[PDB]
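# Notes for the structure review
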4 protein chains.
Amino acid sequence: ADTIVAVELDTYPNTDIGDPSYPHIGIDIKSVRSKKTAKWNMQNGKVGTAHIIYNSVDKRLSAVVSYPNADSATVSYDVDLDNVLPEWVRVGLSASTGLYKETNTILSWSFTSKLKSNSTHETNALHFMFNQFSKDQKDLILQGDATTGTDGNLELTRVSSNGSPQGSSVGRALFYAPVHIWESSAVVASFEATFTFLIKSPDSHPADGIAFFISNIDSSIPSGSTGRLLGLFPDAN
Amino acid sequence: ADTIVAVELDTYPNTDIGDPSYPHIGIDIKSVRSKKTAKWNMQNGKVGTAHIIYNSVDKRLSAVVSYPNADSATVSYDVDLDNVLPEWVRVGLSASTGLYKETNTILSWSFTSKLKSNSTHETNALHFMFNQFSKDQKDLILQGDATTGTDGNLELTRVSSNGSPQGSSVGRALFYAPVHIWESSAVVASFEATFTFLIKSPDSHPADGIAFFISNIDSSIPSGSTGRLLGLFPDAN
Amino acid sequence: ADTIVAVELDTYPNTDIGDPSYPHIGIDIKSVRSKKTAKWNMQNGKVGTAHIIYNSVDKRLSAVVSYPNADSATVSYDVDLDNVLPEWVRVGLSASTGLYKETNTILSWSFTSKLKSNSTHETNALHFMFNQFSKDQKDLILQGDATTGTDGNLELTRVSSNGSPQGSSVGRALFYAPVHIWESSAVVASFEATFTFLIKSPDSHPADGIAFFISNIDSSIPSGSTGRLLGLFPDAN
Amino acid sequence: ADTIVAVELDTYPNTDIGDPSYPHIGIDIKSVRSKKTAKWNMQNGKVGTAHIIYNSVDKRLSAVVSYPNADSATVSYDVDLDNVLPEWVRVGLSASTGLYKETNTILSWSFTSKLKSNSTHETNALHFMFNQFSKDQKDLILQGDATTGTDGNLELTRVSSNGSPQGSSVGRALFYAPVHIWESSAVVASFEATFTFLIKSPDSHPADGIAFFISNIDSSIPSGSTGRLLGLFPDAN
Ligand SMILES: O=[N+]([O-])c1ccc(O[C@H]2O[C@H](CO)[C@@H](O)[C@H](O)[C@@H]2O)cc1
Ligand SMILES: O=[N+]([O-])c1ccc(O[C@H]2O[C@H](CO)[C@@H](O)[C@H](O)[C@@H]2O)cc1
Ligand SMILES: O=[N+]([O-])c1ccc(O[C@H]2O[C@H](CO)[C@@H](O)[C@H](O)[C@@H]2O)cc1
Ligand SMILES: O=[N+]([O-])c1ccc(O[C@H]2O[C@H](CO)[C@@H](O)[C@H](O)[C@@H]2O)cc1
Ligand SMILES: [Ca+2]
Ligand SMILES: [Ca+2]
Ligand SMILES: [Ca+2]
Ligand SMILES: [Ca+2]
Ligand SMILES: [Mn+2]
Ligand SMILES: [Mn+2]
Ligand SMILES: [Mn+2]
Ligand SMILES: [Mn+2]
């Protein structure tokens, strides 16, 4: 199975697989059963921002999810990623709907990587930033039902013309260039990603969530991973 | 064939195709016969730095090659890339040798692309920076005799165990991800590239030179482009 | 007197001192009489963005001004800044009103400069970004009627409580740290600036205009420099 | 007196006040007695690099010191700077000597701070980078014995014309512009500092050390702060 590390903004509580009793954010290290979660007072219809950060010095993966004129949800977890992931990988966004549905619209997404070597003045880096997505976004690998072009937006899951969310949908978007997330001769290794999203749904129960993941270069949507599996995992183990 | 826009650091005057009677810097737009050139005091054996800059406000492509504590060659040329290049491209470095030879070593490469829109805050950007190339640089498409790893450098053309450069070689290095070089809805489109090189030669006259180029995504070393054609053009028209 | 290089967004045509008969943008080199201008379809009450760039290779200062979903104004002038300004300067914004008035609101502002000497891999740089101004901007030198914190914006010229602008006002804001605009061993110097502004007036004839400027460390508002002189020049010669 | 938060590179073990019996990297918070430390195998003579990192999500100040192909010391400590420093501060470097001396040469320095807000797309930032120090560095407030220009480096304490370092010397360097280290409603606040240094003593006894410090804007060298106090504190309490 693919090797995956995610930060999930989980909107539907699936109590049978470990989800707490409310919408929340969590750190996923190779399984959908989060290794750490925090309550998140989601706000249907309002644009929000996610901030993920990690540095090899204190070895902690941290996320913050907020809405304007409202409080933020924070989560942090100690993890030596150079002990869980391959040297090179691909980074991306994933999302889904099961029985219940929502829009998993992405307004912007930026990411930065930096490997600073032992030898002075020898850093290597990658930085991209999309504040507008085109119809044919030739630098993004779109998987599942993901599309770009709708008002310069990136729609991870399926949507009807009328603007209605669909169920049992799954879609992901991966940046085209393989990233060198870690390296042995690197003194400091770090990365950061930011995206603004807009989850909006007609139900009284939106499902299922959006997630930012780091995977292997050849990763693909697993079979039947809609709904509770966020298009990331093959099973809820 | 492929569309090419390049900045050539020509070490050998092929006066039969327009080359001036001395090693020069030139701006090639769809042809090996430069639109504008400038004398360059090719200083064999040492490390030089090149800087390429372009912005759509004043539509001027500019270059500057300089050696430490010495003179700088410079060239500019007004060109509206929108008219000459496809919206999406790949960028990269090329180099070749012929009857005569030289080592075409790259010690670091940088690039930045930006698309600022009419809409406030909307800006799309890409930036990569290599200060050390590994033996398996997975984010670089190595074409020809080009290889990475040696002293952490990128060798564009074939060199021997001792260090001696071989004639009639052709290598290329294209960054893996496609670049959105322009967009109609952008108020400002720009790019800057920088790279340090080391050209050495046992010959009384080295050849053929290094080049930075913007080409269509599916480009490759054309057939018979050794020597004077710098691995970029099919013929010499 | 002070040395001033500026890009002016002139809203009131004072034809007597050499002004087009419509709102314009222009390059001001040590004088209020522009060396080059461009017609500006100034929109009342709309938030606009001004982008200014400059590099020592092509030696050309350019500026674009645009409103979303509409046309753009571009202007360029060839000038060697090292033959005009001191090696160390201070950058800033300036605005004024006279017998006629308008609000000169700055919503955001960012700047970047780069000095790259002949010594390979050596670069000095400065960059700031303000996306909201607080009532206590300790890193800005405010002059004249200029104030910050007002709704998170920077008010260059005096306004009222209900909003209404006052005439015969002049204000300026400069970044605290002195900028090293050029030097001896420089291979390439360049700066880029961006600011979003809001201009609205009760009278169907606004005035006078906003301007981005570079000046010597010790620069203050000239005497009687309201109106047509945009708080930058001592006289109209 | 002034409020200090510093990361010290302590070359001399003053056990009588807390220094471990070996050189070390330590994290000081309003006191010369480090809250945390980590053994450091200082390497008299060769160039090193320190990298400080901090963010408000995990409220952890971390640092790494390394030399090429050698042991890198690391230190981290959980601390909420927002509950210790003013919103506006000044960042700088500091070094000192006493009965025993050393060279406290800074060859380069870079800093970056970002204030991300709950209100989306409203970030503020300051970033400077010095790769070559000038004889008249106007953007640096030089205090004590600090001087620039010597071979393009920054000398924090006194060295003779021949190069021999002088005891009982103390100097500082602070960036000219105040830094907004935190605002009451920022969702994320983070900074990163990097510098390369050369410390060498023509005898087997170096002292006293170099330190990156954050203080109130009006900070000035405390009296008798040489030697063991590193030019930061008025006493060893
Ligand atoms: O009413 N219920 O008790 C109840 C309804 C649906 C349910 O699961 C379905 O819908 C969820 C939300 O869309 C997904 O997480 C699941 O993967 C599956 O698609 C489970 C319980
Ligand atoms: O001595 N000569 O008159 C003379 C020598 C070599 C020559 O061309 C050959 O070598 C060049 C440099 O290596 C290449 O650019 C050409 O493509 C070809 O491989 C032409 C004339
Ligand atoms: O319409 N007019 O006949 C007319 C009215 C006023 C005028 O000059 C005044 O107002 C201008 C606009 O504020 C400023 O540029 C001048 O500095 C001065 O303050 C010139 C012509
Ligand atoms: O002989 N010794 O073992 C010995 C020599 C000097 C000494 O203290 C002095 O020198 C230190 C190093 O410069 C400073 O840290 C102190 O502040 C003081 O100025 C203590 C013991
Ligand atoms: Ca769930
Ligand atoms: Ca040639
Ligand atoms: Ca006017
Ligand atoms: Ca000590
Ligand atoms: Mn969950
Ligand atoms: Mn040529
Ligand atoms: Mn004018
Ligand atoms: Mn200590």
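Per the deposition metadata, X-ray crystallography was the technique used to determine this entry, at a resolution of 2.75 Å.

In this section: the relation of the copies chain C and chain D. Taken as rigid bodies, chain C and chain D are interconverted by a rotation of 180 degrees and an axial shift of 0.2 Å, the fit giving an RMSD of 0.4 Å. Those values place the two copies in the arrangement expected of a two-fold rotation axis. Here 96% of the contact residues of chain C are again contact residues in chain D; the copies associate through an equivalent surface.

Attention shifts here to the interface of chain B and chain A. Listed by partner, the interface residues are 27 residues for chain B and 27 residues for chain A. Here chain B packs against chain A, burying approximately 2100 Å² in sum over the two surfaces, 54% of which is carbon and sulfur. Scanning the region where chain B abuts chain A turns up 0 salt bridges. Viewed at the interface, chain A and chain B are joined by 12 residue pairs in polar contact. Secondary-structure elements contributing two or more residues to the side of chain B that touches chain A are strand 7 (88-96) and strand 9 (123-130) of chain B. Broken down by element, the residue count for the side of chain B that touches chain A peaks at 8 residues, all from strand 9 of chain B. Taken together, the residues of the side of chain B that touches chain A sort by class into 11 nonpolar, 10 polar and 6 charged. Bridge count for strand 9 (residues 123-130) of chain A against strand 9 of chain B is 5 bridges, and the pairing is antiparallel.

On to the coordination of the calcium ion (ligand 6), then. Residues and elements named next belong to chain B. The protein atoms donating to the calcium ion (ligand 6) are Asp-10 (OD), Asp-10 (OD), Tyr-12 (O), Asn-14 (OD1) and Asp-19 (OD), with metal-donor distances spanning 2.2 to 2.5 Å. Here the donor residues of the calcium ion (ligand 6) share one chain and are spaced in sequence as D-x1-Y-x1-N-x4-D. Here the calcium ion (ligand 6) and the manganese ion (ligand 10) are spaced 4.4 Å apart, linked through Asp-10, which binds each one. Using a relative accessible area of 23% as the deciding quantity, one classes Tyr-12 as partly exposed.

This part covers the nonpolar core. In this structure, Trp-109, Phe-195 and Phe-197 of chain A together with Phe-195 and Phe-197 of chain B are the most contacted members of the largest nonpolar core, which totals 100 residues. When residues of this core are assigned to their parent elements, the largest contribution, 5 residues, is made by strand 15 (residues 186-200) of chain B. Not counting residues within four places of it along the chain, the set of residues in contact with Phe-195 of chain B comprises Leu-9, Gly-48, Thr-49, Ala-50, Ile-52, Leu-93, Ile-106, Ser-108, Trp-109, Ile-210 and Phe-212 of chain B. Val-79 of chain C together with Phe-128, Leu-140 and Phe-197 of chain D belong to the second-largest nonpolar core, a separate cluster that totals 98 residues.

The next thing to look at is the site of ligand 3. All names here are of chain C. Taken together, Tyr-12, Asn-14, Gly-98, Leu-99, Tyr-100, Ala-207, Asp-208, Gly-227 and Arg-228 are the residues near ligand 3. In the model, an oxygen atom of ligand 3 is placed 3.0 Å from a nitrogen or oxygen of the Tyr-100 main chain. Between ligand 3 and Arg-228, the relevant distance is 3.0 Å, taken from an oxygen atom to a main-chain nitrogen or oxygen of the residue. Protein chains shield 59% of the accessible area of ligand 3, which is 460 Å² for the free molecule.

Moving on, we come to the pattern of salt bridges. The full count for this structure, using the stated rule, is 20 salt bridges over all chains. With its nearest N and O atoms 2.9 Å apart, the salt bridge here joins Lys-116 of chain B to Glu-192 of chain C. Taken as a pair, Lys-116 of chain B in strand 8 (residues 103-117) and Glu-192 of chain C in strand 15 (residues 186-198) lie in two separate chains rather than in one. With a relative accessible area of 14%, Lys-116 of chain B lands in the buried category. Two residues, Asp-80 of chain C and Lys-59 of chain C, come together in a salt bridge whose shortest N-O distance is 2.8 Å. Separated by 21 residues along the polypeptide, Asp-80 of chain C in the loop between strand 6 (72-78) and strand 7 (88-96) and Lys-59 of chain C in the loop between strand 4 (47-55) and strand 5 (60-66) bring together distant segments of the chain. The network of salt bridges with shared partners includes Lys-59, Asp-80 and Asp-82 of chain B.

Before going further, it helps to examine the side chain of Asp-208 of chain B. With respect to the helices, strands and loops of the structure, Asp-208 of chain B is situated in the loop between strand 15 and strand 16 (209-215). Here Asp-208 of chain B is in contact with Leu-9, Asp-10, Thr-11, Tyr-12, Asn-14, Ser-96, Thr-97, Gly-98, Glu-102, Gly-227, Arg-228 and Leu-230 of chain B, once residues within four sequence places are set aside.

Turning our attention to the relation of the copies chain B and chain A. Between chain B and chain A, which share one sequence, the superposing operator has a rotation angle of 179 degrees and an axial displacement of 0.1 Å; the RMSD is 0.3 Å. Of the interface residues in chain B, 93% have counterparts in chain A that sit at the interface too, so the contact is made through matching surfaces.

Across the contact, 26 residues belong to chain C and 27 residues belong to chain D. Together, the buried faces of chain C and chain D total about 2100 Å²; carbon and sulfur atoms form 52% of this surface. Joining chain C to chain D, the criterion identifies 0 salt bridges. Linking chain C to chain D there are 12 residue pairs in polar contact. Only strand 7 and strand 9 (123-130) of chain C provide two or more residues apiece to the side of chain C that touches chain D. Of the residues forming the side of chain C that touches chain D, the biggest block, 8 residues, is contributed by strand 9 of chain C. For the side of chain C that touches chain D, the per-class residue count stands at 10 nonpolar, 11 polar and 5 charged. Where strand 9 of chain C lies against strand 9 (residues 124-130) of chain D, 5 bridges are found, and the strand directions are antiparallel. Its bridge partner being in strand 9 of chain D, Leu-126 of chain C is matched across the sheet by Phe-128 of chain D.

If a strand is regular, its side chains alternate between the two faces of the sheet. Among the 7 residues in strand 1 (residues 4-10) of chain A, 7 count as buried, and that is most of the element. Because side chains alternate across strand 1 of chain A, one face comprises the buried residues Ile-4, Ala-6, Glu-8 and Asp-10 of chain A, and the other comprises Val-5, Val-7 and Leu-9 of chain A, equally buried.

The next subject is the environment of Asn-55 of chain A. Residue and element names in this part refer to chain A. For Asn-55, the position within the fold is in strand 4 (residues 47-55). Exposure remark for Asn-55: the relative accessible area of 8% places this residue in the buried category. Each residue touching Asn-55, except ones within four places of it in the same chain, is listed here: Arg-60, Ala-189 and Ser-190. There is a polar contact of 3.0 Å between the side chain of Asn-55 and the side chain of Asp-58.

Okay, the coordination of the manganese ion (ligand 11) next. Residues and elements named next belong to chain C. Around the manganese ion (ligand 11), the donor atoms from the protein are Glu-8 (OE), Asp-10 (OD), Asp-19 (OD) and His-24 (NE2), and they sit 2.2 to 2.6 Å away. Expressed as a motif, the donor residue spacing for the manganese ion (ligand 11) is E-x1-D-x8-D-x4-H. Taken as a pair, the manganese ion (ligand 11) and the calcium ion (ligand 7) show a spacing of 4.2 Å, with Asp-10 coordinating each metal.

Our next topic: the side chain of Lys-116 of chain B. A polar contact is formed between the side chain of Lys-116 of chain B and the side chain of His-51 of chain C, at a distance of 3.4 Å. Every residue in contact with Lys-116 of chain B, bar those within four places of it in the chain, is listed here: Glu-122, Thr-123, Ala-186, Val-187, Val-188 and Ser-190 of chain B together with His-51 and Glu-192 of chain C.

Our next topic: the site of ligand 2. All names here are of chain B. Close to ligand 2 lie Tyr-12, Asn-14, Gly-98, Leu-99, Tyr-100, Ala-207, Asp-208, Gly-227 and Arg-228. For ligand 2, an oxygen atom lies 3.2 Å from a polar atom in the side chain of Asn-14. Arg-228 has a polar backbone atom sitting 2.8 Å from an oxygen atom of ligand 2.

The next point concerns the packing of aromatic side chains. To describe a pair of aromatic rings, you give the distance between the ring centres and the angle between the ring planes. Scanning the model with the defined rule gives 58 aromatic pairs over all chains in all. Relative to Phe-130 of chain A, the ring of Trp-109 of chain A lies with its centre 6.0 Å away and its plane at 35 degrees, an arrangement referred to as tilted. With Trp-109 of chain A in strand 8 (residues 105-117) and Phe-130 of chain A in strand 9, the pair connects residues that are 21 residues apart, well separated along the chain. Its relative accessible area of 3% is what places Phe-130 of chain A among the buried residues. A cation over a ring is seen here: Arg-90 of chain C above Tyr-176 of chain C, with NZ or CZ 6.0 Å from the ring centre.

What counts as what
Residues numbered from 1 in each chain as written, not as in the entry; some residues may be left out. Chains lettered and ligands numbered in written order. Heavy atoms only, no water. Least-squares fit on C-alpha atoms. Contact = heavy atoms within 4.5 Å. Buried area = accessible area lost by both parts, 1.4 Å probe. Salt bridge = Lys/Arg side-chain N within 4 Å of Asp/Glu carboxyl O. Polar contact = N/O pair within 3.5 Å; in protein donor to acceptor, adjacent residues only side chain to side chain. Helix = DSSP H or I, 4+ residues; strand = E, 2+ residues; numbered from the N terminus. Nonpolar A, V, L, I, M, F, W, Y, C, P; charged D, E, K, R; others polar. Pairing = 2+ DSSP bridges. Donors = N, O, S within 2.8 Å, 3.2 Å for Na, K, Ca; no water. Buried < 20%, exposed > 50% of the residue type's maximum accessible area, 1.4 Å probe, protein only. Core = buried A, V, L, I, M, F, W, Y, C linked by side-chain atoms within 4.5 Å. Near = heavy atom within 4 Å. Areas by Shrake-Rupley, 256 points an atom, 1.4 Å probe, with all protein chains shown as cover. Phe/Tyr/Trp six-rings, centres within 6.5 Å; stacked < 30°, edge-to-face > 60°. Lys NZ or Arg CZ within 6 Å of the ring centre and 35° of its normal.

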